[PDB]
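Taking the form deposited in one PDB entry, here's one chain by itself in structure tokens.
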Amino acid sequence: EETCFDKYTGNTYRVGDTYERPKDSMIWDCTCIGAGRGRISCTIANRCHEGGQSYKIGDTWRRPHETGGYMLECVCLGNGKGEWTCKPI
């Protein structure tokens, strides 16, 4: 069985396993690819890292609008671009 070991999580994964790796004050979405080299690919392209937190696609959060009169609700869209959008509450 081909595996990947992640030195941060301390776990051994099989090919195709996905998992979270907290690092750099963010959360990386990692995949054990293997490829005969214990190849791991990790990405934040489908997370939003905003207001010091890590959000998955569909997660929401709040931040004040620049005018200060009202709050925004934001949602993480991802789109391989860490895309998020916010509407007034």
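Quick note: we count residues from 1 along the sequence shown, nothing fancier.
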Going by the B-factors listed in the PDB entry, is the mean over the C-alpha atoms higher for 33-41 or for 58-66? 58-66
Looking only at C-alpha temperature factors in the entry, 47-55 or 24-32, the higher average sits in 47-55
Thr12 - which third its CA temperature factor falls in, relative to the rest of the chain: middle
Tertile call for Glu83 (CA temperature factor, within chain, third-based) is the middle
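In what follows, reference is made to the form deposited in another entry, a form of this protein that is not presented.
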Rigid-part membership shared by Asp59 and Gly16 between this form and the one not shown: no
